[PDB]
Amino acid sequence: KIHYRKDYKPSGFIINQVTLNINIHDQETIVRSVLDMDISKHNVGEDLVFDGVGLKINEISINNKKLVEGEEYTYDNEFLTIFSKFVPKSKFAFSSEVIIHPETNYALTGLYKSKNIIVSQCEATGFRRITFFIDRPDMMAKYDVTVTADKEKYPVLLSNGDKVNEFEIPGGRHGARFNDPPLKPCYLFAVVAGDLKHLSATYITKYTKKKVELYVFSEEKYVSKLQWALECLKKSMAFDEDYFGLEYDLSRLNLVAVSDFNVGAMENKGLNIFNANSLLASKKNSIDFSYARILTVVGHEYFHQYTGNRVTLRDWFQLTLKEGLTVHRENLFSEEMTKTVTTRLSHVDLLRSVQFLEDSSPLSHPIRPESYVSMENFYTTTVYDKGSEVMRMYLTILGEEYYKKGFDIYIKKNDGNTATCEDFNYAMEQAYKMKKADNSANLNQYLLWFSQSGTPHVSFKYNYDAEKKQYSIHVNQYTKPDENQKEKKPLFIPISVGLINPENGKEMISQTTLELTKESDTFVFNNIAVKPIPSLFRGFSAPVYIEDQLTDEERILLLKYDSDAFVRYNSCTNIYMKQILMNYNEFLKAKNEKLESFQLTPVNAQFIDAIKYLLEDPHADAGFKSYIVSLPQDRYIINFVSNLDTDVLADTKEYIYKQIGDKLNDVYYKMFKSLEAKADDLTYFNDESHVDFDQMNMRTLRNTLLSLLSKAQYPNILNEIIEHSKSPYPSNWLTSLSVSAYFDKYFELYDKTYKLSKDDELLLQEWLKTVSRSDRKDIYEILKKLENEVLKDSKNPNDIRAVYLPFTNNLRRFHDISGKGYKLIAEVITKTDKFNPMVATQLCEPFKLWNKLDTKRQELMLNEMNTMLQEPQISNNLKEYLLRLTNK
Ligand SMILES: CC(C)(C)C(=O)N[C@@H](C(=O)NO)c1ccc(-c2cccc(/C(N)=N/O)c2)cc1
Ligand SMILES: [Mg+2]
Ligand SMILES: [Zn+2]
């Protein structure tokens, strides 16, 4: 069935109180539930219909009268229908006892078992897999939850709210009662049982001086990997206090790591549950990225406490209101904590590669969709990351002072209530009126950011009159028509701009944000002493395709002398892209015309000189340096090429890398050697509280340079690779594995790094990723080895994703013209879909670009998708996803 946003209507029923008894046993979990219910004003005497998926009914009742199946109710394993004539017309109690088995729940939705932990996951529609409920976010209720289990196996019992009772039970069992008086939607319900060890701390709030108990949990084996997460939690609480003036309102907050998790983490009230790879880390057993990952994910779930938990959603179409806004708050947090420009750059890099691809694919949708079949296919990079950019633009338009005012209005006005995207825009509009100093100013046009799909294209024309010292910027915006909107409307686009004097590299004007509200506009500047080079969309001030129309000479100057990190980064990107497009077409024509000889346009020499200039600047950011020596992501490039021949693009990249390498390899090597001391500094290796993001960036640079030098077969570089494998940092000795791919010492380091990784679950998954991403000619044989020797029949999403997803980024091998890469992944998708439809859909990501490739590869991918579609036992999740992707 298809749900439509305009069709929203309040339920005809009210659920005031939920009283749960969850009794966990060896071969079953018995769930007893009493729902104190009422009749709403929207009731028209309809049947009482509960959500309830895969529940085994022992008994159901109304006001303690046992109901008879068939006569008074029906249950089709999805909906429990109680005929209206048996439904009371005033306040009543609905009770039920059902049986579920978390032990065999491999979908990881509802209540399930992860190794030796019983854990729940209810967003979005997972609560209905635990007990009967009107499973929607506008059904707010109070929760009284009791959990019982075997004491030896599950000594630690957790749920939302305050633990009010702990008691022993005959037969070596024990129970714990949790009462949570504040109203909440059921997707925020959580329960955890297991042999958990913890680290703890006490946090005192900034303004009201409230004592908050912080707990982080994991299995005993990995308790030593919990410290950084605890630090991140404290940092998160501090930032929301310092930036937004928001304090935590509960007495206790628990973070819990589990090994089997479909996503990163979940913001269950007082009981945040994490993928282990997004909470656990140690410097000996984790790559550098884990530390940024944990900071962001812990921060993300914490910021949800206000934007998501205290102010909730009216319905699932408003998802971006809590997700886009929280990612935004998460990004502000991370930028403040890392104090490096690459943090912002990394988010732009992800958006413009992954989300832009989605936005131009058949899966394209606005951040607030008008319809859905599977809400499990709703949680997208569009909703999250474009949503975050849409939320961030409010800040750019209003400035920090008035944004904080607007955000405060939103929280104060909607605290303890459901809300919609209109509620947030309204709050922002109030601050906009204050800032603009007139009550006529509005943000009605801004709502189009929520409803209109596709990536806007913004192009520029420039003119300078030396006589009148007058400079103008003519701006045009354009969004391609798609299946969502035949006619696209102009958006409110904020363009943060600077003007650089090309003669001395100085700023010519103060900080300025151009407010483009029409299809096109001309912005004029007086008293401009000399023809400037425009610095456009500073900080990437809008989620758009930027077409600056600058010469490479101008882009080089910005790269060298502009103040804004993104514009420098983007100028470099634009120089690369122009080169990539030119060489691609040259290679393409040669292939098509079967030429015996042809010419390639060399890489701009002045550009190479500029890279060398920045690399040799001691005061330049190391992380920034790693970006400029790296070509744009393949998934970014494909947005600019029709019928992309992946082999030709691979040839293009290889030529460009070799050209730059032929001039800069000596510089690369010199830097790789000189960076070693600070990058691999071991001083704080045994201090899990000391995290230096600048240092980790230096390792990123070294490992990027090492990769370039290895591919280039730089003289005696194998020696460097061998010594690199002896480094204590996993980021280094895992890099040594992947860069050794070009040498016969590869399988030696394969065995060495495996032995180092095999005893840590998360580290082994990083090893799998490194092997999967290895630039090997025998990569298919290697994958077969991974399946037979390591992966086997594991149902762990982390294991499966680790083995297969990095390989799909192998431009040359995954897109083998035989189609065997497409066939391989499709088999894994179909296989995975049998027990975990959600992860199966995640594994479909490489097919998202299917209609952007050359016609042969289009046919190959389409055939595999249609083959998957013809699987008799295909899930609703996978089917709907593939149907949309293939325009059926
Ligand atoms: C930060 C990251 C995106 C990695 C994450 O962990 N997000 C979760 C979140 O919002 N935590 O607060 C997240 C991501 C997806 C989902 C979700 C919920 C329901 C369905 C689906 C789904 N079907 N994805 O394909 C995905 C739930 C939580
Ligand atoms: Mg403070
Ligand atoms: Zn979230």
# chains A, B, ... in the order shown; residues from 1 in each chain; ligands from 1
call {"tool": "residues_around", "arguments": {"residues": "residue 549 (chain A)", "least_positions_apart": "5", "cutoff": "10 Å", "atoms": "only C-alpha atoms", "output": "number ranges by chain"}}
result
A: 459-462, 554-555, 574
call {"tool": "residues_near_ligand", "arguments": {"ligand": "ligand 3", "cutoff": "7 Å", "atoms": "only C-alpha atoms and all ligand atoms", "output": "NGL selection string"}}
result
:A and (266-267 or 300-301 or 304 or 322-323 or 326)
call {"tool": "residues_around", "arguments": {"residues": "region 670-676 of chain A", "least_positions_apart": "2", "cutoff": "10 Å", "atoms": "only C-alpha atoms", "output": "PyMOL selection string"}}
result
chain A and resi 615-616+622+664-668+678-681+695+698-699+701-706+709+720
call {"tool": "residues_around", "arguments": {"residues": "residue 567 (chain A)", "least_positions_apart": "4", "cutoff": "9 Å", "atoms": "only C-alpha atoms", "output": "ChimeraX atom specification"}}
result
/A:535-540,555,558-559,562-563,571-572
call {"tool": "write_last_selection", "arguments": {"atoms": "C-alpha atoms", "output": "PDB file, in the first residue's frame"}}
result
ATOM      1  CA  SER A 535      35.080  33.520  -4.021  1.00  0.00           C
ATOM      2  CA  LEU A 536      31.647  31.930  -4.353  1.00  0.00           C
ATOM      3  CA  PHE A 537      29.574  29.744  -2.012  1.00  0.00           C
ATOM      4  CA  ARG A 538      32.112  30.023   0.806  1.00  0.00           C
ATOM      5  CA  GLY A 539      31.774  27.127   3.239  1.00  0.00           C
ATOM      6  CA  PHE A 540      29.551  25.545   0.581  1.00  0.00           C
ATOM      7  CA  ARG A 555      40.990  28.834  -9.801  1.00  0.00           C
ATOM      8  CA  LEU A 558      41.959  31.040  -5.319  1.00  0.00           C
ATOM      9  CA  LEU A 559      43.527  27.692  -4.430  1.00  0.00           C
ATOM     10  CA  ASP A 562      41.672  32.574  -0.905  1.00  0.00           C
ATOM     11  CA  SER A 563      40.650  32.587   2.762  1.00  0.00           C
ATOM     12  CA  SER A 571      38.669  25.348  -7.190  1.00  0.00           C
ATOM     13  CA  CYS A 572      41.024  22.372  -7.035  1.00  0.00           C
TER      14      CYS A 572
END
call {"tool": "closest_residue", "arguments": {"among": "A:624, A:492, A:648, A:814", "to": "residue 341 (chain A)", "atoms": "only C-alpha atoms"}}
result
A:624
call {"tool": "residues_near_ligand", "arguments": {"ligand": "ligand 2", "cutoff": "8 Å", "atoms": "only C-alpha atoms and all ligand atoms", "output": "list in words"}}
result
residues 205, 206, 238, 239, 241 and 242 of chain A
call {"tool": "residues_near_ligand", "arguments": {"ligand": "ligand 1", "cutoff": "8 Å", "atoms": "only C-alpha atoms and all ligand atoms", "output": "count of residues only"}}
result
32
